[PDB]
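*Asks:*
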Amino acid sequence: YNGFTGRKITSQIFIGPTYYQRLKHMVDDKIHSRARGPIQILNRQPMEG
Amino acid sequence: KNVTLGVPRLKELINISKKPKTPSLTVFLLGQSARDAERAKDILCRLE
Amino acid sequence: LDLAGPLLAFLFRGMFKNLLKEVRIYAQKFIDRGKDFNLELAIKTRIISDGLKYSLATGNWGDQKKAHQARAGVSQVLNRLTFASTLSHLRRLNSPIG
Amino acid sequence: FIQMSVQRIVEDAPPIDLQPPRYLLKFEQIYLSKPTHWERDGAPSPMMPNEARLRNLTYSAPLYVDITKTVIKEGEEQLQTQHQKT
Amino acid sequence: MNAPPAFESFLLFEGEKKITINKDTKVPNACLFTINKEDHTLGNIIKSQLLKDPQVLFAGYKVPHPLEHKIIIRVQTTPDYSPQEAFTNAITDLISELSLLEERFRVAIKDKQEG
Amino acid sequence: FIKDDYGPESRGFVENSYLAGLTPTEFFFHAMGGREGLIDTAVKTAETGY
Amino acid sequence: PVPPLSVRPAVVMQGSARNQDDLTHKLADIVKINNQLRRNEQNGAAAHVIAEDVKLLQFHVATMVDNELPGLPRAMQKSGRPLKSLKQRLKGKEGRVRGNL
DNA sequence: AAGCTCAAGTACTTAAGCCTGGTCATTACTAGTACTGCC
RNA sequence: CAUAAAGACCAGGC
DNA sequence: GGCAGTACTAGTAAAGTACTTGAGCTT
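So, in structure tokens, the structure goes:
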């Protein structure tokens, strides 16, 4: 049954338990934002990493 | 017969390499040698 | 396949030969007087200890002054993410080809 | 590696020839003991690997080799002193 | 770190009106309602109730995006009948139904126990 | 397999389908068939970018 | 030429001591053997020793420019790490041209 | 004898793009100076 | 508002 | 009291290309 309107979903969806693994990769550690921060010593360019 | 294709052949073309991996020469026949396989066989013997 | 035994043997021979080498250097240099000779001052344990500990620590495999010629990639840090990842990292092969 | 190869590397090494008196050095046999730490005071203690991790120690064993030493003084008597647990 | 607190869903902070009303110039006699801090719970009700009224030509709702809590309901009625009146009448009818459903459900409860 | 077997099974023709599932030898031959794809994917990118 | 401190900045560790770039030490060598060659020109020495010092001076002066020369031993500052020559600075990927420009 | 080109021999070169973590060691030898012990 | 060096290798991601 | 020895602390060592080069053959 549809969640929002409660109407039946015409096609019959395939349901079953399957074993799922969370992965080490998570967006909180992959997010980065840069405005005029620290600067490299030799190149006078923004830092790496 | 096989021909190098894709990225390696593109390397042979862009590099203008001296010796390609698969050099090939196609040959066409003017006269009755074209339609008849006999004289064609004769040219086949004369080109090899 | 090179496991701990053959690898640590290949590593132990040359280091042991440096131990004997400095036993020869300090030995003879202390002998030229003809006074006497003392063993316990002729053996530097920093050779074996610091050498094994070093080449296990960094992973560069060989003499550290020869590290350019020395093969690298042996003895990575073990992966603790999952017990499966650890069992996998403990059972592995590494081809020397570049 | 321990139970075989190390004795082969210690044994298969050539005896030390030196020199007029002569000085020869030979390695009899090699002995390991359970991993032990020698502290700042020099007090040995058995290390469990947990305290080895927590303190950044290195989990390792002391290595001892008997060393027989022969001196040749030309007086027909070559005196050999054998040292245990070098 | 960017996760919104558990309520962006219903609680209104300073300045946000619950309902805002904008007339629609594409069609005569059509209006557009914007319901802040609601979701399909209410909108499906109201839409299904507005489709009974024979004077309502168009009734629809949408959430422009789920991560925002908002509802947009377009209503088009027949001439000389304001769509706001259709929406009010819809709500009043809905209450008139739900109260009756409560009472009959209570009668059913008291009957199922020693009845 | 027996030496000098050129038959369809020995040389890697896969009779089964993913629904029914592979036999073991067809599974290993299948892994060999995929390894070439992975290797091509990894190797081509550098030459193409260069 | 000796490039400015901006081209070869020092390395400030904790404020206790200042390390130095590959250049600074290389130029240090060049100044050492240059001074030795000056002195041995004033004395005159045995005159083949001059040739030796001009060959080693050749090694340092020509090495600072190119450390990757084949057939020659590649200068080793310390820690078994070869020097970074100006060519190595300006050449490969992450070199100034391709990397910083 | 000079010179000409043509063959092998030799040296030398570059090898994807961006990004994330960690570990590690910055050297080990030789010489000089200072301190302690013994005569 | 300044300091945490640089480099090296290894693991991984698309 | 002075001299010698030892220890510690501070300087200090895959393929593919072009290029070149040596030999081989001719006016």
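Those protein sequences? They're chains A, B, C, D, E, F and G, same order as listed. Residue numbers for the first sequence follow the deposited numbering, beginning at 1029 and rising by one. Residue numbers for the second sequence follow the deposited numbering, beginning at 1115 and rising by one. Residue numbers for the third sequence follow the deposited numbering, beginning at 393 and rising by one. According to the deposited numbering, the stretch in the fourth sequence is residues 50 to 68, 81 to 147, in order. Residue numbers for the fifth sequence follow the deposited numbering, beginning at 1 and rising by one. Residue numbers for the sixth sequence follow the deposited numbering, beginning at 810 and rising by one. Residue numbers for the seventh sequence follow the deposited numbering, beginning at 254 and rising by one. Where is the CB? At the ideal position from N, CA and C, for every residue including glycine.
(1) Would you call the region 105 to 124 of chain D and the region 133 to 142 of chain D in contact, with 3 or more CB pairs under 8 Å?
(2) So the candidates are A:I1067, A:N1030, A:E1076 and A:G1065; which of them puts its Cα closest to the Cα of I1041 of chain A?
(3) Given a threshold of 16 other Cβ atoms within 10 Å of its Cβ, counted over all protein chains shown, does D53 of chain E qualify as buried or as exposed?
(4) Which residue wins for smallest C-alpha separation from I72 of chain E, given the options E:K112, E:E114, E:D93 and E:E38?
(5) Residue 116 of chain E touches chain A at which residues, Cβ-Cβ below 9 Å?
(6) Please name the residue, chosen from E:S99, E:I91, E:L57 and E:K18, that lies closest to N44 of chain E on a Cα-to-Cα basis.
(7) Only counting the same chain, and skipping five residues up and downstream in sequence, which positions put a Cβ closer than 8 Å to that of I19 of chain E?
(8) Listing by chain order, which chain G residues have their CB less than 7 Å from the CB of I1069 of chain A?
(9) Over the uninterrupted beta strand (DSSP E) stretch that includes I71 of chain E, give me the two end residues.
(10) Using the beta-carbon of each residue, which ones in chain B are nearer than 8 Å to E845 of chain F?
(11) Smallest Cα separation from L485 of chain C: which of C:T474, C:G465, C:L473 and C:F475?
(12) From what residue to what residue does the beta strand (DSSP E) around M1054 of chain A run?
(13) For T77 of chain E, count the other beta carbons within 10 Å of its own beta carbon; 16 or more makes it buried, fewer makes it exposed. Which is it?
(14) Is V265 of chain G helix, strand or coil when you go by DSSP?
(15) Measuring CB atoms only, is the region 116 to 130 of chain D touching the region 91 to 98 of chain D, in the sense that at least three cross pairs come out at less than 8 Å?
(16) Can the beta-carbon of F50 of chain D be found closer than 8 Å to that of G397 of chain C?
(17) Does the separation of the CB atoms of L1070 of chain A and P256 of chain G fall below 8 Å?
(18) Check whether the Cβ of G397 of chain C lies closer than 8 Å to any Cβ atom in chain D.
(19) Going along chain C in order, which residues have a C-beta closer than 7 Å to the C-beta of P82 of chain D?
(20) For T857 of chain F, return the contacting residues in chain B, with the cut-off set at a CB-CB distance below 8 Å.
(21) Do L403 of chain C and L433 of chain C have their C-beta atoms closer together than 8 Å?
(22) Could you work out which residues of chain C lie near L115 of chain D, taking near to mean beta carbons separated by less than 9 Å?
(23) Please classify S447 of chain C: is it buried, with 16 or more other beta-carbons within 10 angstroms of its beta-carbon, or exposed?
(24) Using a Cβ-Cβ distance cut-off of 8 Å, determine whether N272 of chain G contacts chain A.
(25) Can at least three beta-carbon pairs, one atom from the region 452 to 461 of chain C and one from the region 323 to 339 of chain G, be found at a separation below 8 Å?
(26) Taking the alpha carbon of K26 of chain E as the point to measure from, which residue in E:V75, E:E103 and E:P64 has its own alpha carbon closest?
(27) From the DSSP output, in three-state form, read off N471 of chain C for me.
(28) Taking Cβ positions only, does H65 of chain E come closer than 8 Å to chain A?
(29) Between the region 124 to 144 of chain D and chain C, which residues of the former have a C-beta closer than 8 Å to a C-beta of the latter?
*Replies:* According to the data block:
(1) no
(2) As a first step, residue 1041 of chain A must be located in the first sequence, where it is residue number 13. Taking only the C-alpha atoms, the option nearest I1041 of chain A is A:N1030.
(3) If you number the fifth sequence from 1, residue 53 of chain E lands on position 53. Classification for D53 of chain E: buried.
(4) Stepping through the fifth sequence from its first residue, residue 72 of chain E is reached at position 72. The option with the nearest alpha carbon to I72 of chain E is E:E38.
(5) In the structure as shown, chain E starts at 1 and stops at 115, and residue 116 of chain E therefore has no counterpart that could be examined.
(6) As a position in the fifth sequence, residue 44 of chain E is number 44, starting the count at 1. That would be E:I91, whose Cα lies nearest to the Cα of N44 of chain E.
(7) In the fifth sequence, the residue the question calls residue 19 of chain E occupies position 19. Only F33, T34, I35 and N36 meet the Cβ criterion.
(8) Here the question's residue 1069 of chain A lines up with position 41 in the first sequence. Here the neighbours are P262.
(9) One-based indexing of the fifth sequence puts residue 71 of chain E at position 71. Per DSSP, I71 of chain E belongs to the beta strand (DSSP E) from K70 to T77.
(10) Position 36 of the sixth sequence, counting from 1, holds the residue named residue 845 of chain F. Here the premise fails: no neighbours, minimum Cβ distance about 14 Å.
(11) Translated into the one-based positions of the third sequence, residue 485 of chain C becomes position 93. With distances taken between Cα atoms, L485 of chain C lies closest to C:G465.
(12) What you label residue 1054 of chain A is simply residue 26 of the first sequence in a count that begins at 1. That residue, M1054 of chain A, is in no beta strand (DSSP E); it is neither H nor E in DSSP.
(13) The count along the fifth sequence starts at 1 and reaches residue 77 of chain E at position 77. Its Cβ being crowded by 16 or more others within 10 Å, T77 of chain E is buried.
(14) As a position in the seventh sequence, residue 265 of chain G is number 12, starting the count at 1. The answer is strand: DSSP assigns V265 of chain G an E or B state.
(15) yes
(16) On the fourth sequence, position 1 is the one that residue 50 of chain D refers to. On the third sequence, position 5 is the one that residue 397 of chain C refers to. The answer is yes: Cβ separation under 8 Å.
(17) For this step, residue 1070 of chain A is matched to residue 42 along the first sequence. For this step, residue 256 of chain G is matched to residue 3 along the seventh sequence. Not closer than 8 Å, so no.
(18) By one-based count along the third sequence, residue 397 of chain C stands at place 5. Cβ-Cβ to chain D under 8 Å: yes for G397 of chain C.
(19) Here residue 82 of chain D corresponds to residue number 21 of the fourth sequence, with the count starting at 1. Near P82 of chain D (Cβ distances below 7 Å), the residues of chain C are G426.
(20) For the purposes of this step, residue 857 of chain F is taken as the residue at position 48 of the sixth sequence. Under the 8 Å cutoff, chain B gives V1121.
(21) Stepping through the third sequence from its first residue, residue 403 of chain C is reached at position 11. Stepping through the third sequence from its first residue, residue 433 of chain C is reached at position 41. No; because the gap between Cβ atoms is not below 8 Å, this pair is not in contact.
(22) If you number the fourth sequence from 1, residue 115 of chain D lands on position 54. The contacting residues do not exist; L115 of chain D stays about 15 Å from chain C at best.
(23) Here residue 447 of chain C corresponds to residue number 55 of the third sequence, with the count starting at 1. It is buried - the Cβ of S447 of chain C has at least 16 other Cβ atoms within 10 Å.
(24) Your numbering for residue 272 of chain G matches position 19 in the seventh sequence. Chain A, which has no Cβ nearer than 8 Å to the Cβ of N272 of chain G, makes this no.
(25) yes
(26) On the fifth sequence, residue 26 of chain E is found 26 positions in, with the first residue counted as 1. Answer by Cα proximity: E:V75.
(27) The sequence position of residue 471 of chain C within the third sequence is 79, counting from 1. It is coil, neither helix nor strand.
(28) Along the fifth sequence, one-based indexing puts residue 65 of chain E at 65. No, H65 of chain E lies away from the interface with chain A (no Cβ there is under 8 Å from its Cβ).
(29) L124, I128, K130, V132 and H144
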